[PDB]
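[1] Return atomic coordinates for the entry below.
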Amino acid sequence: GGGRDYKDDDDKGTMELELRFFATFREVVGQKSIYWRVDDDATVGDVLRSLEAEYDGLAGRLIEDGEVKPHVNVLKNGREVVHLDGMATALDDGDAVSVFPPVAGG
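    Numbering: from 1, shown residues only. The relevant structure is shown in the block below.
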């Protein structure tokens, strides 16, 4: 079989995630919570990787050097993945990835 099956219906193995945006990231998307369709294997890092490919207002500020970003507050089922694996935590179907832009910690 061929690759790229990032849709609903038929075999594809894509899951659906509630991507909750807050602060700057919220007004960029213009939406405070959405439901995206990525593959089941795709994790929080792939999600924000793809998010900038859509939104110019998210470009660069959600990826730093292949990880999420210093000071950016990104979450996963309410658990802020900056304290754990940001790029590849545990993303399953019906989940909720919450995101906040990088905070001035000095």
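[2] What about residue 48, how many residues nearby?
    By the criterion of other C-beta atoms under 10 Å, residue 48 has 24 neighbours. C-beta: built from backbone N, CA, C; applies to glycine.
[3] Which phi and psi values does it adopt?
    The phi/psi pair for residue 48 (degrees, to the nearest 10) reads phi -70, psi -30.
[4] how much space between it and residue 80?
    Between residue 48 and residue 80 the distance is 14 Å, computed by C-beta to C-beta, to the nearest Å.
[5] residue furthest from the geometric center of this structure?
    The outermost residue of the chain, judged against the average C-alpha position, is residue 1 (27.2 Å), by C-alpha atoms, centre = their mean.
[6] mind checking how far that residue is from residue 24?
    In terms of C-beta to C-beta, residue 1 sits 40 Å off from residue 24.
[7] again, but for residue 65
    According to C-beta to C-beta, residue 65 and residue 24 sit 21 Å apart.
[8] and if you look at residue 50?
    18 Å.
[9] what does residue 48 give?
    Residue 48 is 14 Å from residue 24, by C-beta to C-beta.
[10] what about the helices in this protein?
    24-29, 44-54 (DSSP state H).
[11] Would you mind giving those as TSV with distance to residue 87 added?
    TSV is the format used below for the helices of the chain (distance: least, C-beta to C-beta, whole Å):
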stretch	distance to residue 87
helix 24-29	17
helix 44-54	3
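[12] between these, which gets nearest to residue 91?
    Minimum separation from residue 91 across the helices of the chain (C-beta to C-beta) falls at helix 44-54, 6.0 Å.
[13] ok, and the closest non-adjacent residue to residue 21?
    Of all residues not flanking residue 21 in the chain, residue 29 sits nearest, at 4.6 Å (C-beta to C-beta, 6 or more residues apart in numbering).
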